[PDB]
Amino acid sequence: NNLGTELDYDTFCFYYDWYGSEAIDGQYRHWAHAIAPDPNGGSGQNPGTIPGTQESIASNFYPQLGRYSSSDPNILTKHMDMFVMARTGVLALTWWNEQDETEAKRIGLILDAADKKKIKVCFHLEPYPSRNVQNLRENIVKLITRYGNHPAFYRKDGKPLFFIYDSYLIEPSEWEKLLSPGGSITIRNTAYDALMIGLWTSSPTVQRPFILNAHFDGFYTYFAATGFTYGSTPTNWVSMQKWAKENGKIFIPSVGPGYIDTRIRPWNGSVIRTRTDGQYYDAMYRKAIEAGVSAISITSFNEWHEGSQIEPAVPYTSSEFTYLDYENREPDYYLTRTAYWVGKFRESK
């Protein structure tokens, strides 16, 4: 078919599976959340908590689906239909190495729901405690062993793909052991080889040698807030793509519709980026496409704490908070606008 409605399998949408309900999980997990102290605000802060009641959740926005469980198969069905509306072919799943049966069950439910709609799943490896290249190798082996034969498990040209959040927390000399073909614990030329996409943060003088010396296959930028880092400044993307092409690396810039996290980080207002009825999203997605990249990542499907979500949100005013909403646009506007941009990306590819 040539309908301009099919999924794009070079479009990755960052997905969070950490939401709970009392009924399914025993607690409205993540809808309830600690308020972060001000890192510049001195001693004796008791910033408190957001209780995750219907009236008071840990977001400046409010989900159309309410305080949902990430383990609810009926919610997962609805999320996969939203990925189909957005034309986002890859769900990039946050992964925290919880080593608990509830994580294992939830990952299997997500893979099962994804496959019914031809959506693919890859893992976004988070900075879990004592993360190092040896336990990363063990965890890559475990994820490929457990999920590699699942029909929804993502591959690009025969290789799994992992995003590595805060990859700079690990020295290039350690990465080399995992990611150089000669490394002491290499995955290259093994059953467990993968495209490893590291997080480009700061200036080229730091990041270029880091990416080369660590033997990453590519890099992404994550942050939805323009200008937060060098990497999340879209005017740098043409030059970052030029360097990527010259050095055989895959650049996957991250685009988002806005940013606001002041319910959980009240001191962080300088990072707010206003959605302006979709104009912010349009500008950032246009910059990614114009850079001439092979793949794009979206921050985020559902990081509700950071206000980067494309998941439908509804107007809500409670006795405790007046939520932001998608203003002059309908709740599914960011899903249908994502589909528009996926079409422009494919026209460019």
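Throughout, rigid core stands for the largest set of C-alpha atoms superposing within 1.5 Å between the two forms. Just count from 1 along the sequence shown to find any residue number.
- Core-fitted comparison in 8 other deposited structures of this protein shows that, between 19 to 27 and 337 to 345, the CA atoms farther from the shown form belong to 19 to 27.
- As listed in the deposited structure, the average C-alpha B-factor of 298 to 306 and of 315 to 323 is greater for 315 to 323.
- Higher mean CA B-factor, judged across 112 to 120 and 271 to 279 from the recorded values: 112 to 120.
- As recorded in the PDB entry, 245 shows the highest C-alpha B-factor of the residues 263, 188, 245, 137.
- The PDB entry assigns its highest CA temperature factor, among 167, 180, 254, 205, to 205.
- Residue 132 sits in the lowest third of its chain by CA B factor, as recorded in the PDB entry.
- The entry lists a Cα temperature factor for residue 32 that places it in the middle third of the chain's modelled residues.
- Residue 234 sits in the middle third of its chain by CA B factor, as recorded in the PDB entry.
- Among the modelled residues of its chain, residue 23 has a C-alpha B-factor that falls in the highest third according to the deposited record.
- Looking at the C-alpha B-factors along this chain, the one for residue 240 belongs to the middle third.
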